[PDB]
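Next up, entry.cif (mmCIF, N, CA and C atoms):
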```
data_upload
#
loop_
_atom_site.label_atom_id
_atom_site.label_comp_id
_atom_site.auth_asym_id
_atom_site.auth_seq_id
_atom_site.Cartn_x
_atom_site.Cartn_y
_atom_site.Cartn_z
N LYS V 4 106.77 81.83 109.27
CA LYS V 4 108.22 81.98 109.56
C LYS V 4 108.83 82.96 108.56
N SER V 5 108.12 83.25 107.47
CA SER V 5 108.66 84.18 106.46
C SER V 5 107.53 84.95 105.77
N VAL V 6 107.85 86.13 105.25
CA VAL V 6 106.87 86.96 104.49
C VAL V 6 107.56 87.47 103.24
N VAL V 7 106.78 87.78 102.21
CA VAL V 7 107.37 88.36 100.97
C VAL V 7 107.04 89.85 100.99
N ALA V 8 108.05 90.68 100.74
CA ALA V 8 107.84 92.14 100.75
C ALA V 8 108.39 92.75 99.47
N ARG V 9 107.74 93.82 99.02
CA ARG V 9 108.20 94.58 97.86
C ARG V 9 109.22 95.62 98.33
N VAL V 10 110.41 95.60 97.72
CA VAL V 10 111.47 96.54 98.11
C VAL V 10 111.07 97.96 97.70
N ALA V 11 111.20 98.91 98.63
CA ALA V 11 110.94 100.32 98.36
C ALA V 11 112.13 101.13 98.84
N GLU V 12 112.33 102.29 98.22
CA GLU V 12 113.49 103.15 98.54
C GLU V 12 113.46 103.56 100.02
N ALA V 13 114.63 103.61 100.64
CA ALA V 13 114.74 103.97 102.07
C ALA V 13 114.52 105.47 102.26
N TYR V 14 114.06 105.85 103.45
CA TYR V 14 113.93 107.28 103.80
C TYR V 14 115.36 107.82 103.91
N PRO V 15 115.64 109.04 103.44
CA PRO V 15 117.02 109.55 103.38
C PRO V 15 117.85 109.48 104.67
N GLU V 16 117.24 109.78 105.82
CA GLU V 16 118.01 109.77 107.09
C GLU V 16 118.35 108.33 107.51
N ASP V 17 117.72 107.33 106.91
CA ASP V 17 118.02 105.95 107.26
C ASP V 17 119.15 105.36 106.44
N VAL V 18 119.59 106.04 105.38
CA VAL V 18 120.57 105.45 104.47
C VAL V 18 121.88 105.19 105.20
N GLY V 19 122.39 103.96 105.07
CA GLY V 19 123.62 103.54 105.71
C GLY V 19 123.47 102.97 107.10
N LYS V 20 122.26 102.94 107.66
CA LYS V 20 122.05 102.46 109.02
C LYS V 20 121.67 100.99 109.11
N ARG V 21 121.64 100.29 107.98
CA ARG V 21 121.32 98.84 107.94
C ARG V 21 120.01 98.51 108.67
N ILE V 22 118.97 99.29 108.40
CA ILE V 22 117.65 98.98 108.93
C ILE V 22 116.72 98.66 107.76
N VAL V 23 115.65 97.94 108.07
CA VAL V 23 114.56 97.75 107.13
C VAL V 23 113.27 98.13 107.83
N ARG V 24 112.49 99.01 107.23
CA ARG V 24 111.24 99.41 107.85
C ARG V 24 110.13 98.49 107.35
N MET V 25 109.43 97.86 108.27
CA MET V 25 108.36 96.91 107.99
C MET V 25 107.28 97.14 109.03
N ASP V 26 106.02 97.05 108.62
CA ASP V 26 104.93 97.46 109.51
C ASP V 26 104.56 96.35 110.50
N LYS V 27 103.63 96.68 111.40
CA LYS V 27 103.31 95.79 112.51
C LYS V 27 102.68 94.49 112.03
N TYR V 28 102.02 94.53 110.88
CA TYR V 28 101.40 93.32 110.34
C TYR V 28 102.46 92.35 109.85
N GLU V 29 103.46 92.85 109.13
CA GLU V 29 104.55 91.99 108.67
C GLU V 29 105.39 91.50 109.84
N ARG V 30 105.61 92.34 110.86
CA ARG V 30 106.35 91.89 112.04
C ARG V 30 105.60 90.81 112.79
N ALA V 31 104.27 90.94 112.84
CA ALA V 31 103.43 89.95 113.55
C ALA V 31 103.57 88.58 112.86
N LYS V 32 103.62 88.58 111.53
CA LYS V 32 103.75 87.33 110.75
C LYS V 32 105.09 86.65 111.06
N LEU V 33 106.15 87.43 111.27
CA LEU V 33 107.50 86.86 111.52
C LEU V 33 107.74 86.66 113.02
N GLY V 34 106.88 87.21 113.87
CA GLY V 34 107.13 87.09 115.29
C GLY V 34 108.28 87.94 115.77
N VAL V 35 108.53 89.08 115.13
CA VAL V 35 109.62 89.95 115.52
C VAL V 35 109.05 91.24 116.10
N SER V 36 109.90 91.94 116.84
CA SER V 36 109.61 93.26 117.38
C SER V 36 110.56 94.26 116.75
N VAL V 37 110.19 95.54 116.87
CA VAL V 37 111.08 96.61 116.46
C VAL V 37 112.42 96.43 117.16
N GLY V 38 113.50 96.54 116.38
CA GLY V 38 114.83 96.35 116.90
C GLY V 38 115.37 94.94 116.76
N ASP V 39 114.54 93.96 116.43
CA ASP V 39 115.03 92.62 116.16
C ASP V 39 115.73 92.57 114.81
N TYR V 40 116.55 91.55 114.63
CA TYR V 40 117.19 91.31 113.35
C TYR V 40 116.35 90.38 112.49
N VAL V 41 116.34 90.65 111.19
CA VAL V 41 115.74 89.77 110.20
C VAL V 41 116.73 89.52 109.08
N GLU V 42 116.57 88.38 108.42
CA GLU V 42 117.31 88.05 107.21
C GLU V 42 116.43 88.39 106.01
N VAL V 43 116.96 89.19 105.10
CA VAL V 43 116.30 89.54 103.85
C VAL V 43 117.00 88.79 102.72
N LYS V 44 116.21 88.18 101.85
CA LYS V 44 116.77 87.22 100.91
C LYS V 44 116.08 87.33 99.55
N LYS V 45 116.90 87.30 98.50
CA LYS V 45 116.43 87.00 97.15
C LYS V 45 117.08 85.70 96.70
N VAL V 46 118.33 85.75 96.25
CA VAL V 46 119.20 84.58 96.21
C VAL V 46 120.27 84.67 97.29
N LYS V 47 121.03 85.77 97.30
CA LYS V 47 121.89 86.09 98.42
C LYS V 47 121.05 86.56 99.61
N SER V 48 121.72 86.78 100.75
CA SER V 48 121.04 87.17 101.98
C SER V 48 121.77 88.33 102.64
N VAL V 49 121.00 89.19 103.32
CA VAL V 49 121.55 90.24 104.17
C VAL V 49 120.73 90.29 105.44
N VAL V 50 121.37 90.64 106.54
CA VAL V 50 120.68 90.85 107.80
C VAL V 50 120.54 92.35 108.05
N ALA V 51 119.37 92.74 108.55
CA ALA V 51 119.10 94.16 108.86
C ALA V 51 118.28 94.24 110.14
N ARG V 52 118.27 95.40 110.79
CA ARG V 52 117.48 95.57 112.03
C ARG V 52 116.09 96.08 111.62
N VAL V 53 115.04 95.45 112.15
CA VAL V 53 113.66 95.88 111.81
C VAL V 53 113.36 97.21 112.50
N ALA V 54 112.82 98.15 111.74
CA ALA V 54 112.40 99.46 112.29
C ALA V 54 110.93 99.65 111.96
N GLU V 55 110.26 100.53 112.70
CA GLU V 55 108.81 100.77 112.48
C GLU V 55 108.58 101.42 111.11
N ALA V 56 107.42 101.13 110.52
CA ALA V 56 107.04 101.72 109.25
C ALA V 56 106.58 103.17 109.39
N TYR V 57 106.76 103.94 108.32
CA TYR V 57 106.09 105.22 108.22
C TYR V 57 104.58 105.02 108.09
N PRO V 58 103.78 105.91 108.67
CA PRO V 58 102.31 105.75 108.62
C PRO V 58 101.74 105.47 107.24
N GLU V 59 102.19 106.20 106.22
CA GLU V 59 101.67 106.03 104.83
C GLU V 59 101.99 104.63 104.29
N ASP V 60 103.01 103.97 104.84
CA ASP V 60 103.39 102.66 104.34
C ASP V 60 102.67 101.51 105.04
N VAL V 61 101.98 101.78 106.14
CA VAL V 61 101.35 100.70 106.90
C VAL V 61 100.30 100.03 106.03
N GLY V 62 100.37 98.71 105.95
CA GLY V 62 99.45 97.91 105.18
C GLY V 62 99.85 97.62 103.75
N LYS V 63 101.05 98.02 103.32
CA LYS V 63 101.43 97.90 101.92
C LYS V 63 102.35 96.74 101.59
N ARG V 64 102.78 95.96 102.59
CA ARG V 64 103.69 94.83 102.39
C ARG V 64 104.94 95.26 101.62
N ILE V 65 105.52 96.38 102.04
CA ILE V 65 106.78 96.82 101.47
C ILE V 65 107.84 96.70 102.56
N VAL V 66 109.09 96.68 102.14
CA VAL V 66 110.22 96.80 103.05
C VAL V 66 111.06 97.97 102.55
N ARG V 67 111.24 98.97 103.40
CA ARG V 67 112.10 100.10 103.05
C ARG V 67 113.54 99.69 103.30
N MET V 68 114.29 99.54 102.21
CA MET V 68 115.70 99.05 102.25
C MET V 68 116.56 99.98 101.40
N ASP V 69 117.75 100.32 101.88
CA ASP V 69 118.55 101.31 101.17
C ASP V 69 119.42 100.66 100.10
N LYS V 70 120.14 101.51 99.36
CA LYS V 70 120.90 101.05 98.20
C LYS V 70 122.00 100.07 98.58
N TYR V 71 122.50 100.15 99.82
CA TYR V 71 123.57 99.25 100.24
C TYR V 71 123.05 97.84 100.45
N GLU V 72 121.92 97.72 101.15
CA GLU V 72 121.31 96.38 101.36
C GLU V 72 120.85 95.85 100.00
N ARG V 73 120.32 96.72 99.14
CA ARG V 73 119.85 96.26 97.83
C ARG V 73 121.00 95.75 96.99
N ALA V 74 122.16 96.41 97.11
CA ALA V 74 123.36 96.01 96.34
C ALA V 74 123.79 94.60 96.74
N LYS V 75 123.71 94.27 98.03
CA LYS V 75 124.12 92.93 98.51
C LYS V 75 123.20 91.85 97.94
N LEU V 76 121.91 92.14 97.77
CA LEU V 76 120.95 91.13 97.26
C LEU V 76 120.83 91.20 95.74
N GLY V 77 121.41 92.20 95.09
CA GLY V 77 121.20 92.32 93.66
C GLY V 77 119.76 92.58 93.30
N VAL V 78 119.05 93.34 94.12
CA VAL V 78 117.66 93.67 93.85
C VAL V 78 117.55 95.16 93.55
N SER V 79 116.46 95.52 92.90
CA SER V 79 116.11 96.90 92.63
C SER V 79 114.80 97.23 93.32
N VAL V 80 114.56 98.53 93.51
CA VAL V 80 113.26 98.99 93.97
C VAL V 80 112.18 98.39 93.08
N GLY V 81 111.14 97.84 93.70
CA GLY V 81 110.09 97.16 92.98
C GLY V 81 110.23 95.65 92.95
N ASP V 82 111.41 95.12 93.23
CA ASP V 82 111.59 93.68 93.34
C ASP V 82 110.97 93.16 94.63
N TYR V 83 110.70 91.86 94.65
CA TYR V 83 110.24 91.17 95.84
C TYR V 83 111.39 90.48 96.54
N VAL V 84 111.36 90.49 97.87
CA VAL V 84 112.33 89.79 98.69
C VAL V 84 111.60 89.01 99.77
N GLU V 85 112.27 88.00 100.28
CA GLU V 85 111.77 87.19 101.38
C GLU V 85 112.41 87.66 102.67
N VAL V 86 111.62 87.78 103.73
CA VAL V 86 112.10 88.24 105.02
C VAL V 86 111.77 87.18 106.06
N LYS V 87 112.75 86.85 106.91
CA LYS V 87 112.61 85.79 107.90
C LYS V 87 113.26 86.24 109.20
N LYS V 88 112.75 85.73 110.32
CA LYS V 88 113.43 85.98 111.59
C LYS V 88 114.78 85.26 111.59
N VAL V 89 115.75 85.86 112.27
CA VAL V 89 117.09 85.27 112.29
C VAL V 89 117.59 85.09 113.72
#
```
Using the file provided, produce a representation of the structure as structure tokens.
Amino acid sequence: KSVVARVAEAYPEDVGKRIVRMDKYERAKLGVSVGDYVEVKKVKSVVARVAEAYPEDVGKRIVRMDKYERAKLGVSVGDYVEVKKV
């Protein structure tokens, strides 16, 4: 029902679009598809739309999240967050 992902910097064209890029393996664990919403959580929570991973990121258990979503959770690049279907 949940996976732990390492926060990584968002691709520039995605900044401000409230998406999180997560690969097919992490989506399979949560039972979500591209375009579904997930809750990302450290202590606080934010909801973002799941988007497909970049090829180089597939298999790395990262979540590409921008500075706005990171600001809401009080996390930095390199921190771990919990991701759940919502």
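If you measure from each of V:25, V:78, V:43, V:18 to residue 66 of chain V using only N, CA and C atoms, the closest one turns out to be V:25.
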From V:87, V:75, V:70, V:64, residue lying nearest residue 6 of chain V [only N, CA and C atoms]: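 Once distances to residue 6 of chain V are computed over only N, CA and C atoms, the minimum belongs to V:87.
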The PyMOL selection byres ((chain V and resi 26) around 6) applied to the shown file, residues as JSON, numbers by chain: {"V": [24, 25, 27, 28, 29, 30, 31, 55, 56, 61, 62]}
Exercise: residues within 8 Å of coordinate (105.2, 89.4, 96.7), counting all atoms listed in the file, as an mmCIF file with N, CA and C atoms, keeping the file's coordinate frame:
```cif
data_model
loop_
_atom_site.group_PDB
_atom_site.id
_atom_site.type_symbol
_atom_site.label_atom_id
_atom_site.label_comp_id
_atom_site.auth_asym_id
_atom_site.auth_seq_id
_atom_site.Cartn_x
_atom_site.Cartn_y
_atom_site.Cartn_z
ATOM 1 N N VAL V 6 107.850 86.130 105.250
ATOM 2 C CA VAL V 6 106.870 86.960 104.490
ATOM 3 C C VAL V 6 107.560 87.470 103.240
ATOM 4 N N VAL V 7 106.780 87.780 102.210
ATOM 5 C CA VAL V 7 107.370 88.360 100.970
ATOM 6 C C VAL V 7 107.040 89.850 100.990
ATOM 7 N N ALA V 8 108.050 90.680 100.740
ATOM 8 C CA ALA V 8 107.840 92.140 100.750
ATOM 9 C C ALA V 8 108.390 92.750 99.470
ATOM 10 N N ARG V 9 107.740 93.820 99.020
ATOM 11 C CA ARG V 9 108.200 94.580 97.860
ATOM 12 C C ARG V 9 109.220 95.620 98.330
ATOM 13 N N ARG V 64 102.780 95.960 102.590
ATOM 14 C CA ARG V 64 103.690 94.830 102.390
ATOM 15 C C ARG V 64 104.940 95.260 101.620
ATOM 16 N N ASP V 82 111.410 95.120 93.230
ATOM 17 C CA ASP V 82 111.590 93.680 93.340
ATOM 18 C C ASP V 82 110.970 93.160 94.630
ATOM 19 N N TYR V 83 110.700 91.860 94.650
ATOM 20 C CA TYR V 83 110.240 91.170 95.840
ATOM 21 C C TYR V 83 111.390 90.480 96.540
ATOM 22 N N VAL V 84 111.360 90.490 97.870
ATOM 23 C CA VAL V 84 112.330 89.790 98.690
ATOM 24 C C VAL V 84 111.600 89.010 99.770
#
```
Selection dump of the PyMOL selection byres (((chain V and resi 49 and name CA) around 10) and name CA), as a list in words: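 For this structure, the PyMOL selection byres (((chain V and resi 49 and name CA) around 10) and name CA) resolves to residues 21, 41, 42, 43, 44, 45, 47, 48, 50, 51, 72, 73, 74, 75, 76 and 86 of chain V.
Of note, atom C of residue 89 of chain V and atom CA of residue 40 of chain V are spaced 6.2 Å apart.
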Residues matched by the PyMOL selection byres ((chain V and resi 13) around 6.5), written as a ChimeraX atom specification: /V:11-12,14-18,67-70
Atom CA of residue 57 of chain V to atom CA of residue 35 of chain V, straight-line distance in Å: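 Separating atom CA of residue 35 of chain V from atom CA of residue 57 of chain V is a distance of 17.3 Å.
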Interatomic distance (Å, one decimal) between atom CA of residue 34 of chain V and atom C of residue 71 of chain V: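 If I compute the distance from atom CA of residue 34 of chain V to atom C of residue 71 of chain V, I get 24.3 Å.
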Residue set, chain V restricted to strand (DSSP E or B), as an MDAnalysis selection string: chainID V and resid 5:12 22:24 40:44 48:54 65:68 83:88
Selection export as a compact mmCIF listing (two decimals), keeping the file's coordinate frame, atoms kept: N, CA and C atoms:
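Result file is again-v6.txt:
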```txt
# COMPACT_ATOMS: atom_id res chain seq x y z
N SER V 5 108.12 83.25 107.47
CA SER V 5 108.66 84.18 106.46
C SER V 5 107.53 84.95 105.77
N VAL V 6 107.85 86.13 105.25
CA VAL V 6 106.87 86.96 104.49
C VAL V 6 107.56 87.47 103.24
N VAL V 7 106.78 87.78 102.21
CA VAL V 7 107.37 88.36 100.97
C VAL V 7 107.04 89.85 100.99
N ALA V 8 108.05 90.68 100.74
CA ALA V 8 107.84 92.14 100.75
C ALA V 8 108.39 92.75 99.47
N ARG V 9 107.74 93.82 99.02
CA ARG V 9 108.20 94.58 97.86
C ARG V 9 109.22 95.62 98.33
N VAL V 10 110.41 95.60 97.72
CA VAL V 10 111.47 96.54 98.11
C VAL V 10 111.07 97.96 97.70
N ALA V 11 111.20 98.91 98.63
CA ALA V 11 110.94 100.32 98.36
C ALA V 11 112.13 101.13 98.84
N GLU V 12 112.33 102.29 98.22
CA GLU V 12 113.49 103.15 98.54
C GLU V 12 113.46 103.56 100.02
N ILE V 22 118.97 99.29 108.40
CA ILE V 22 117.65 98.98 108.93
C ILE V 22 116.72 98.66 107.76
N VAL V 23 115.65 97.94 108.07
CA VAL V 23 114.56 97.75 107.13
C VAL V 23 113.27 98.13 107.83
N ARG V 24 112.49 99.01 107.23
CA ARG V 24 111.24 99.41 107.85
C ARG V 24 110.13 98.49 107.35
N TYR V 40 116.55 91.55 114.63
CA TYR V 40 117.19 91.31 113.35
C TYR V 40 116.35 90.38 112.49
N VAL V 41 116.34 90.65 111.19
CA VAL V 41 115.74 89.77 110.20
C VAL V 41 116.73 89.52 109.08
N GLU V 42 116.57 88.38 108.42
CA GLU V 42 117.31 88.05 107.21
C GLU V 42 116.43 88.39 106.01
N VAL V 43 116.96 89.19 105.10
CA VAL V 43 116.30 89.54 103.85
C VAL V 43 117.00 88.79 102.72
N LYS V 44 116.21 88.18 101.85
CA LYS V 44 116.77 87.22 100.91
C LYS V 44 116.08 87.33 99.55
N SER V 48 121.72 86.78 100.75
CA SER V 48 121.04 87.17 101.98
C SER V 48 121.77 88.33 102.64
N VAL V 49 121.00 89.19 103.32
CA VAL V 49 121.55 90.24 104.17
C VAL V 49 120.73 90.29 105.44
N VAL V 50 121.37 90.64 106.54
CA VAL V 50 120.68 90.85 107.80
C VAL V 50 120.54 92.35 108.05
N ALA V 51 119.37 92.74 108.55
CA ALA V 51 119.10 94.16 108.86
C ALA V 51 118.28 94.24 110.14
N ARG V 52 118.27 95.40 110.79
CA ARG V 52 117.48 95.57 112.03
C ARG V 52 116.09 96.08 111.62
N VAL V 53 115.04 95.45 112.15
CA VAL V 53 113.66 95.88 111.81
C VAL V 53 113.36 97.21 112.50
N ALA V 54 112.82 98.15 111.74
CA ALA V 54 112.40 99.46 112.29
C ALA V 54 110.93 99.65 111.96
N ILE V 65 105.52 96.38 102.04
CA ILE V 65 106.78 96.82 101.47
C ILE V 65 107.84 96.70 102.56
N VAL V 66 109.09 96.68 102.14
CA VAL V 66 110.22 96.80 103.05
C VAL V 66 111.06 97.97 102.55
N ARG V 67 111.24 98.97 103.40
CA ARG V 67 112.10 100.10 103.05
C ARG V 67 113.54 99.69 103.30
N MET V 68 114.29 99.54 102.21
CA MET V 68 115.70 99.05 102.25
C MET V 68 116.56 99.98 101.40
N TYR V 83 110.70 91.86 94.65
CA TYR V 83 110.24 91.17 95.84
C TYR V 83 111.39 90.48 96.54
N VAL V 84 111.36 90.49 97.87
CA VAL V 84 112.33 89.79 98.69
C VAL V 84 111.60 89.01 99.77
N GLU V 85 112.27 88.00 100.28
CA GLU V 85 111.77 87.19 101.38
C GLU V 85 112.41 87.66 102.67
N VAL V 86 111.62 87.78 103.73
CA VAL V 86 112.10 88.24 105.02
C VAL V 86 111.77 87.18 106.06
N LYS V 87 112.75 86.85 106.91
CA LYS V 87 112.61 85.79 107.90
C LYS V 87 113.26 86.24 109.20
N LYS V 88 112.75 85.73 110.32
CA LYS V 88 113.43 85.98 111.59
C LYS V 88 114.78 85.26 111.59
```
Test item: axis-aligned box, all listed atoms of segment 40-56 of chain V, 6 Å on each side, centre and edges in Å rounded to one decimal, as JSON:
```
{"center_x": 114.2, "center_y": 93.9, "center_z": 105.4, "size_x": 27.3, "size_y": 30.6, "size_z": 30.4}
```
